[PDB]
Every structure is written in C-alpha cells, then in structure tokens.
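Comments concern the structure below.
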Number of protein chains: 2
Amino acid sequence: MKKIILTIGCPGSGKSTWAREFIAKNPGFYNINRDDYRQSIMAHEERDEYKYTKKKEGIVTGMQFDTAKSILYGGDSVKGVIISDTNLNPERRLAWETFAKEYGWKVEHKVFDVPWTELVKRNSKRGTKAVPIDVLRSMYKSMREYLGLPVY
Amino acid sequence: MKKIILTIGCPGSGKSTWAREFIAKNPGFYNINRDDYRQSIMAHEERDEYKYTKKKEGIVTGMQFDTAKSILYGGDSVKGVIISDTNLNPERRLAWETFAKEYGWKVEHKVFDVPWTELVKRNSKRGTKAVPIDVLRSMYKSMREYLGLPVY
C-alpha cells in the first residue's frame, strides 16, 4: 500500500533536509512541494514578491494532487510520495486524508517539533528564504495546536 | 485563443530571465519548466546528481502537460503558458504542437540565438547550474539545426 507522507512543522524545522535525505536512502519515493510549484509558475520571481492569491494557490494545489495521483499510479517501484509542506492548516491535512482514502493509499505524518528559540535562530540565517518573525510566530502557534499543546 | 509559448535555446541563452520578465509584464501567463520539476521531485538534490532516467523523465513530462492543461483550462484571465525549456529536441516540440492542436491552443516560438563563444562565457560563470562543455557543444549544434544553419 503506497504511502503519502506529510511533513508537519514550521519553516526552519528541518523538513526539506529530511525529505531530501529520506528519498536518497529510500528508493521509490518522490517529493511534492508547494513552494517549488509557486516559484516555478512565477518563473522564480523574488520570494517576497509572491502574492498568495486564490487563483495561484488553486493552481498550485491542483499540481500537487495531480502529480501525487500520477506518481502513485506508477508501477511497483513506486513506494510513495512526500508532501514536504508545513501542513499546519487542518483543512489541507484533511484534504490529503480524504484523497488517500479515495484511492486506497495510506497517509503518514512526519512531525518536526522544534523549540521556538531554535526556529528563530535558524530563520534569522536563511535570508531570501527567511520568513517574517510575525508569520513564524503564528505558524509556531499552529504547530503547538497540532501537538495538542496549550496556546494563548 | 490561449497561447503555448516555447522558448528555444541552449542553457545560458537567456530563457529563464526572459520568462520571468515576460510574466511580470504580461498578466495571465504562467511558467512551466522541466528543470524545476526534476529538482522538485528529488527534493532538491545536487544538480549533478540528477540521473535522467526513463521513469523520472516520464513523470516530469506528465507534470508539464497536466499543469499546462489545468492552467489553460482556466478562466478568461489566463492568456497562456510558457514552456521555458531548451526545447531543442524536435520530438518534444512536436508533442506540444499536437497537444495544442488537440485542445484548440496556439503554439508560439521564442528563439534565443546566442553565439557559441558567448554561451561558453556565460556557462563558465553559473557554477552548480553550469553545464559540461561537451553537453553545451552538442546542444549548440542542435540549435543550429533548428535555425537551419549548417553543421558538421
């Protein structure tokens, strides 16, 4: 039963590194990523310039599910796909669940619980890929909610 | 009539820059690129590590046509898509032509004819994105054939 692995964590939590190393050590897995698609369709404009519009986001979402479906419908060599996004939004996670249940695939979770102080340190050294402190703060809160930790 | 713009040229010919600036000045256009997809599915492994296998290339091709179709089937705001690849291979160009003729779309060509000496200079300053001299040489020959220029 092919797997759909969702990485869960704020930017800077180690998701991309894990995904890259996992695929290298586990033949048969492929990566699917929202940031890659957003940058691609805009021909690699400066990250800060990307405007999260309903039109673009819908296109990016469409690319993710169609790619997942095309790959998962592969041969026996295909073991699964990795959705290397933050996946902090409950609605997005539910989408992948209903998607997998519809085609007989198994959804797994790869959690990257990293301390706030550490996330800030890493985020402060990513330049163009860095995220504004307020946005990071908000994603960290969503992560705590996912973990079932208390939040204000 | 929505358009499918194919960029034609060797790496270093200015394709990506043109695509980025064109999309910024022409609302309604979106970028589709083989290199972006190849890097994405492999979780951004080192470029030199990518092995052009039949399995991976087929997946990447599938992502291109499905994305093009999903985007082009958009609203009236969608003016077209840009296939920012080298497109030096006659068979790939024919594929996009039959594809467009099948769904009532128009294919256009954006040629980047750059002198060999210049291509070498630019390629020598791209590091990780640089291409081995022998491969560049071969793509330059294919470009000349496309232009209808004599080759040995």
Side-chain angles (χ1 to χ4, degrees), chain A residues 36-47 49, chain B residues 1-40 47-48 50 52 57 60-61 63-65 67-69 71-72 78-101 105-152:
Chain A
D36 295 337
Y37 296 171
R38 290 189 281 234
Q39 284 309 87
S40 184
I41 67 179
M42 293 304 306
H44 295 276
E45 74 193 323
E46 295 297 340
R47 297 183 161 295
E49 304 189 72
Chain B
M1 178 170 234
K2 302 159 188 301
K3 317 178 186 309
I4 292 182
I5 304 179
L6 306 177
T7 58
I8 317 296
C10 307
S13 62
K15 304 190 302 294
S16 59
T17 294
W18 175 84
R20 169 160 33 69
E21 295 300 306
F22 184 79
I23 287 175
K25 300 173 182 177
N26 294 280
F29 282 80
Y30 303 79
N31 188 60
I32 294 178
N33 183 278
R34 290 187 76 78
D35 283 326
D36 295 337
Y37 296 171
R38 290 189 281 234
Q39 284 309 87
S40 184
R47 297 183 161 295
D48 67 281
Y50 184 81
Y52 294 75
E57 288 303 280
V60 172
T61 290
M63 293 167 68
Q64 291 196 294
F65 288 91
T67 299
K69 188 177 176 178
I71 291 174
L72 292 176
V78 181
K79 292 204 164 196
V81 297
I82 297 172
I83 313 304
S84 55
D85 305 316
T86 58
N87 285 307
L88 295 171
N89 192 314
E91 300 185 8
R92 285 198 193 294
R93 293 197 305 277
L94 172 57
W96 285 104
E97 287 168 48
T98 71
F99 177 66
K101 189 170 190 171
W105 294 315
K106 185 187 178 186
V107 173
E108 310 194 313
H109 292 333
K110 183 60 189 180
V111 182
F112 299 71
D113 177 27
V114 175
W116 167 253
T117 58
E118 185 50 47
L119 289 174
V120 178
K121 181 185 172 189
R122 301 180 181 177
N123 179 62
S124 69
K125 315 185 180 191
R126 287 196 153 181
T128 310
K129 293 189 172 189
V131 166
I133 190 65
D134 288 5
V135 173
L136 186 62
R137 187 57 178 170
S138 180
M139 301 175 90
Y140 171 68
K141 177 177 179 177
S142 297
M143 184 61 192
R144 284 179 65 71
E145 298 182 312
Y146 169 78
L147 298 172
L149 296 173
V151 295
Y152 292 100

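Order of the sequence lines sets the chain letters (A, B, ...), proteins ahead of strands, with each chain counted from 1. All heavy atoms count here, side chains included; hydrogens, waters and symmetry mates do not.
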Quiz item: Are B:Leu147 and B:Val111 side-chain neighbours, meaning at least one heavy-atom pair lies under 4.5 Å?
Solution: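 Contact flag for B:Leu147/B:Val111 side chains = yes.
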
Practice problem: Please examine the side chains of B:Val81 and B:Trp105, heavy atoms only from C-beta on, and report whether any two atoms are closer than 4.5 Å. | Solution: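 When only atoms from C-beta onward are counted, B:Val81 and B:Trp105 do not touch, as no gap falls below 4.5 Å.
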
Quiz prompt | Test salt bridge (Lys or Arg N to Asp or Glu O under 4.0 Å) applied to B:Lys101 - qualifying residues, sequence neighbours left out | solution = none

Self-check item: Listed once per pair and sorted, the side chain to side chain donor-acceptor pair (under 3.5 Å) pairs that draw on residues 23-39 of chain B, sequence neighbours left out
Solution: A:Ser40-B:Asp36, A:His44-B:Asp36, B:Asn31-B:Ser84, B:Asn33-B:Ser84, B:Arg34-B:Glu57, B:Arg34-B:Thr61, B:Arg34-B:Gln64, B:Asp35-B:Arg38, B:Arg38-B:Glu57

Quiz item: Can you pull the side chain to side chain donor-acceptor pair (under 3.5 Å) pairs that have at least one residue in residues 109-122 of chain B, sequence neighbours excluded?
Solution: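 The answer is B:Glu118-B:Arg122.
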
Between [atom1] on residue [X] and [atom2] on residue [Y], distance to nearest 0.5 Å:
X: B:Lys2; Y: B:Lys79; atom1: NZ; atom2: NZ; result: 10.5 Å
X: B:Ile8; Y: B:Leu88; atom1: CD1; atom2: CG; result: 7.0 Å
X: B:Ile82; Y: B:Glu108; atom1: CD1; atom2: CD; result: 10.0 Å
X: B:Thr7; Y: B:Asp85; atom1: OG1; atom2: CG; result: 6.0 Å
X: B:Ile71; Y: B:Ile32; atom1: CD1; atom2: CD1; result: 5.0 Å

Just list the side-chain donor-acceptor pairs under 3.5 Å for residues 13-24 of chain B, sequence neighbours left out, or say none.
residue, atom, partner, partner atom, Å
B:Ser13, OG, B:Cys10, O, 2.7
B:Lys15, NZ, B:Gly9, O, 3.1
B:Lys15, NZ, B:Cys10, O, 3.0

Which donor-acceptor pairs under 3.5 Å do side chains of residues 139-146 of chain B form with protein atoms, sequence neighbours excluded?
residue, atom, partner, partner atom, Å
B:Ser142, OG, B:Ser138, O, 3.3
B:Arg144, NE, B:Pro150, O, 3.0
B:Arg144, NH2, B:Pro150, O, 2.8

Quiz item: Does the B:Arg93 side chain pair with the main chain of B:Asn87, one donor and one acceptor, at a distance under 3.5 Å?
Solution: yes

Exercise. Return the minimal non-hydrogen interatomic distance between B:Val78 and B:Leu72, and the atom names on each side.
Key: CG1-CA, 4.2 Å

Quiz prompt | Smallest separation among heavy atoms of B:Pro11 and B:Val131, with atom names | solution =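 The pair with the smallest heavy-atom distance is CG-CG2, 4.0 Å.
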
Quiz item: Excluding sequence neighbours, so at least two apart, what forms side-chain contact (heavy atoms from CB on, under 4.5 Å) with B:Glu91?
Solution: B:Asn89

